[PDB]
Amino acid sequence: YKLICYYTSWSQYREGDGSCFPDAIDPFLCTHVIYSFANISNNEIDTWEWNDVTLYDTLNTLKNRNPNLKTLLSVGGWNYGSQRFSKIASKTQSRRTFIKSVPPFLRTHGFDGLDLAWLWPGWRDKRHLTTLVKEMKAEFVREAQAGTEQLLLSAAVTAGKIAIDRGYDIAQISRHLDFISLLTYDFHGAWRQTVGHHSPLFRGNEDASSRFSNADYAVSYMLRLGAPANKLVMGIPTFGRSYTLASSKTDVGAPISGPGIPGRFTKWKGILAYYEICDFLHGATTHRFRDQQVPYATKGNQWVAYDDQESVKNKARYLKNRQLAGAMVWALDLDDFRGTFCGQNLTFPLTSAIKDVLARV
């Protein structure tokens, strides 16, 4: 199985124990660690943080302890636009400049491959993403001739049917990519006016205003569109999403006034790290959505949809049953990477729960 795990550049700046550098990562926890995100500047891949060259080195030193570990660098992300990516991919000359720049930069910084994180191609972009993926893979095949193991190419792909149909020619890109990480954890957000889970495995009996908004639907769709099982990697979040409740109702359908208050460490309304959530659960009431097979918890006017050891194992059993290539984790710095928040003295509880299921029968 693969266990693809993202590390984010910006996690280093969090206050106190929220601070996460790549030497916090257990070299043997994942099979591939993806460093997020690289910029494109002068139409060439580039660093983002002032000290990315140092942290790339820190990450890459993990292979001293675990020489089988693979690393990739993800270009794109939310701060980088969609529109910035569109401009590069849609013109043959910009596209070539970009593609040429990638292998030398990766080899300089000790990465084994590139992850494409264009978030996200519009309907005018679908055909240009196809061309980008094909041409980038061709450049990697060419570069392998110089004697070093061929660079890997992956892509992060959103899990909503509408976004997939808008931007991605899944049958074509899957031919050239070594794996596709499906982002099966953005199925609900504060843009809705109610509580709901963003990473349910199934729809649940609840109701079907929108069937589609669940991981099973997305995995089945990707396979239907021609992504081989052996290239499809299912995303599992270590963060949860929070809401501020509008009423005392806490239940399926409960109204919401906006995202939840910011976490003490992650400081972003509407999201919490798992370590923050372990703290939140003290004094909270816990519930599971039985049909959707994922938990939520509530305290005061705050309501948090999240994943725990049981729901992540359950997702790992599911993707092994569908014979997928493995799991992707967003993100290592949002698991309890210190191991000191969740009452069990165990670093990366959620990621090691996934790893242990994948390792069994």
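Counting begins at 1, following the sequence as shown. We call the rigid core whatever largest set of C-alpha positions still superposes within 1.5 Å between the two forms.
Structural divergence in 5 other deposited structures of this protein between 189 to 197 and 279 to 287: following superposition by the core, 189 to 197 has C-alpha atoms lying farther from the shown form.
Superposition on the core shows that, in 5 other deposited structures of this protein, the C-alpha atoms drift more in one of 199 to 207 and 93 to 101; this is 199 to 207. Judged by mean Cα B factor in the deposited record, 76 to 84 ranks above the other of 76 to 84 and 227 to 235. Higher mean CA B-factor, judged across 21 to 29 and 336 to 344 from the recorded values: 336 to 344. Residues shown: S199, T92, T130, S181. Highest C-alpha temperature factor in the entry: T92. Annotation for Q193, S242, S101, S154: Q193 ranks highest, by Cα B-factor. Among the modelled residues of its chain, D125 has a C-alpha B-factor that falls in the middle third, as given in the PDB entry. For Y296, the recorded CA B-factor ranks within the middle third of the chain. Only modelled residues enter the ranking.
In this PDB entry, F280 carries a Cα temperature factor that places it within the middle third of its chain's modelled residues. For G263, the recorded CA B-factor ranks within the middle third of the chain. Only modelled residues enter the ranking.
In the deposited entry, the Cα temperature factor of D112 places it in the lowest third of its chain's modelled residues.
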